[PDB]
Every structure is written in structure tokens, then in C-alpha cells.
*Asks:* 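Below is the structure I would like to discuss, written out as C-alpha cells.
We're numbering straight along the sequence, starting at 1.
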Amino acid sequence: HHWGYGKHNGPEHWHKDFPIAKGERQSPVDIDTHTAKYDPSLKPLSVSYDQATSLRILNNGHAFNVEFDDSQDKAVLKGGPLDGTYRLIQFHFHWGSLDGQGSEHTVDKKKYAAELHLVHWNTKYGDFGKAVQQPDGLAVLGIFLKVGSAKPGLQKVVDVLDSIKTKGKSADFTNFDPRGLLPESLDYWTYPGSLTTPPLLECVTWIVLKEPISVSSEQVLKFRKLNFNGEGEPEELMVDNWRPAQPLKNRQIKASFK
Ligand code: NI
């Protein structure tokens, strides 16, 4: 029926409605650190989020999105392997039912407890909708989360989850600064890939940070309290909303570091 992460509508079934699921540039992938090529020509990433305007947080039924005003060049990403300016539209997370799983990308087969995705679209295309139809239309910054120390900058997010418990619920979420979620180092891996939920379009240049951020057990615990279902429907906890690693096929993972 409609796609999800259950046994009957999970990742293994998506190909029936979205044939691109078996495409040549599907995400996520496992990052083999010994095979990634250091590429000296990659520039350092440029993250300018000081003018970021968050507006709302929403439970869309598969995750929670924090949305930003993208009507102007307020929060942009550039540099790295990118040509042009990419505007931040939203961020969200993929997480697990246990601390030993939850990330989409893996490193040398290691899975993290969660993965943060900062989604940006190429301003040359004029809007998000047009950007997803192009090979270089989006840039997603991926950050791994490991369980250890609490992340102060994530707490505001954790605290509003009770108010968007079920699908379709939203809440005003202004004045949130996404700089509080960045690790210290911007070293990264990059490869051409796709969206990880239907429609699975192959329009993403992925930028995955080598350094994870730490969150506390209690913090990740609150994520696991969300529901996939709408209000008044039987309760289904929003857990394991991650797609497993896909074949690399004809692609090279480039590293910005050695
Ligand atoms: Ni994602």
C-alpha cells in the first residue's frame, strides 16, 4: 500500500512503485575508507548559516522535518565539490530502535545510532521542485550521531517532539540555529547519489562528514517516542526509518582528507 519501513511496505518493496530504486546512483552506500580516493582538487566546504530562519517543525509520517525560509540566500552551502550556491530548505534525522543501528550511510560497515540530513537545493533551478529533477539539483550534508555526551544544541528540538507526536502535526519552530549541530571538523567524503525515500530521485551530491556528533541516550530516546501514524490511529513508534546500504556500482567515493 503506501511505502513505509514495515515488513510489508519497507525498503525491499519500494522498487514496485519506484523502479529507480534499483538505479545506478542510489543511496545510501557503505563508505569503504581504504578505497575512497583522496582528491586534492576538492575545496573546503563553505557553510553560511548565520542568517538561518527556522519556521516550523513537522511530523510528515516518516520523520520530523525542521523547515527554513528559503525565499532568499539566508542559509547556504557552497565550495566542496559544488558549483553554485545551495540554499538550506530543511533538516531531519534517520534513527534506530536500538543504539547499534539507525544511520543510513555506514563507514567500513559500522552503523551509528542516527544520521542528520541538512537538505539544500541549487539556486540555479529557482525552486526545490525543479531542483529535484536535475543531476546536480540537491546537496545533502550527512552527520553521524553516536551515543555518549548530550548535545546541548539538539535539546530545543528534543523538547518540542511531544507536540508533533503523530503524522501531519506541526509546530512553530523559530529561532533555531543549525550551527549547534555541526561537528568541529568539516572533513568529508562525497559521491553522487539520490534521495533515500520515494521518489528516490538521483539528484543528490552527498557530503558525509567524517566526524560524528555525540547525543545522550535520553536524547535519542525521545526520538523513538514519535509515531508513524496519525492521531486516533493505532500506535506505531517511528523507529528504524533508515534505508539499508545500496550497491556502489560505477561510482567513486572521494575524500577531502588523507
Ligand atoms: Ni534523509
*Asks:* For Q51, is the CD atom crowded, meaning more than 12 foreign heavy atoms sit under 6.0 Å from it?
*Replies:*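 No, not enclosed.
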*Asks:* Do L58 and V157 sit in the same hydrophobic cluster, where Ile, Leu, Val, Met, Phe, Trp and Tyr count as joined when their side-chain heavy atoms come under 4.5 Å apart?
*Replies:*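 In one cluster with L58: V157, no.
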*Asks:* According to side chain to side chain contact (heavy atoms under 4.5 Å, CB included), who are the partners of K124, at least two apart in sequence or on a separate chain?
*Replies:*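 Partners of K124 under the side chain to side chain contact (heavy atoms under 4.5 Å, CB included) test: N122, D136.
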*Asks:* Report yes or no: do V132 and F91 belong to one cluster of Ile/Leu/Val/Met/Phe/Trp/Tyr joined by side chain heavy-atom distances under 4.5 Å?
*Replies:*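 No, no single cluster joins them.
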*Asks:* List the steps and the verdict of side-chain hydrogen bond (donor to acceptor under 3.5 Å, both in side chains) for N229 and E236.
*Replies:* CA-CA 6 Å; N229 58 276; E236 330 164 56; 5.8 Å; no
*Asks:* Fit a plane to each ring of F64 and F223, take the angle between them on a 0 to 90° scale, and name the class: parallel (under 30°), tilted (30 to 60°) or perpendicular (over 60°).
*Replies:*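 Aromatic pair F64/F223 classed perpendicular.
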*Asks:* For residues 202-213, dump all side-chain donor-acceptor pairs below 3.5 Å to protein atoms at least two apart in sequence or in another chain.
*Replies:*
| unit_1 | atom_1 | unit_2 | atom_2 | d |
| --- | --- | --- | --- | --- |
| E202 | OE2 | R25 | N | 3.0 |
| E202 | OE2 | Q26 | NE2 | 3.1 |
| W206 | NE1 | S27 | OG | 3.1 |
| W206 | NE1 | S194 | O | 3.0 |
| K210 | NZ | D187 | OD2 | 3.1 |
| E211 | OE1 | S185 | N | 3.1 |
| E211 | OE2 | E184 | N | 3.3 |

*Asks:* Take atom CG of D108 as the centre, draw a 6.0 Å sphere, and report whether it contains more than 12 heavy atoms from other residues, nucleotides or ligands.
*Replies:*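 For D108, atom CG is crowded (more than 12 foreign heavy atoms under 6.0 Å).
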*Asks:* Side-chain heavy atoms under 4.5 angstrom apart, residues restricted to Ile, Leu, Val, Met, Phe, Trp, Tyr: same cluster for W121 and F68?
*Replies:*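 As far as the 4.5 Å side-chain criterion goes, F68 and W121 are not connected within one cluster.
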*Asks:* For atom NZ of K74, is the number of surrounding heavy atoms from other residues, nucleotides or ligands below 6.0 Å larger than 12?
*Replies:*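 For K74, atom NZ is crowded (more than 12 foreign heavy atoms under 6.0 Å).
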*Asks:* Identify whether the distance between the nearest side-chain nitrogen and carboxylate oxygen of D159 and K156 falls below 4.0 Å.
*Replies:*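 The answer is no: the pair does not qualify as a salt bridge.
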*Asks:* Among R243, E104, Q246, which one satisfies side-chain hydrogen bond (donor to acceptor under 3.5 Å, both in side chains) with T196?
*Replies:*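 Among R243, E104, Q246, the one that satisfies the side-chain hydrogen bond (donor to acceptor under 3.5 Å, both in side chains) with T196 is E104.
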*Asks:* Check whether NZ of the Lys or CZ of the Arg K146 lies under 6.0 Å from the centre of the six-membered ring of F144 and within 45 degrees of that ring's axis.
*Replies:*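 No, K146 and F144 do not form such a contact.
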*Asks:* According to the interplanar angle, ranging from 0 to 90°, do the rings of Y5 and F228 count as parallel (below 30°), tilted (30 to 60°) or perpendicular (above 60°)?
*Replies:*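 Ring orientation of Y5 relative to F228: parallel.
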*Asks:* For the atom pair NE2 (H94) and CG (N241), what is the distance rounded to the nearest 0.5 Å?
*Replies:*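 It comes to 6.5 Å.
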*Asks:* Tell me every residue that passes ring pair (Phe, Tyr, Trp, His ring centres under 6.0 Å) with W189, counting only those two or more places apart in sequence or in another chain.
*Replies:*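 For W189, the residues satisfying ring pair (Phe, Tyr, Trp, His ring centres under 6.0 Å) (neighbours in sequence not counted) are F257.
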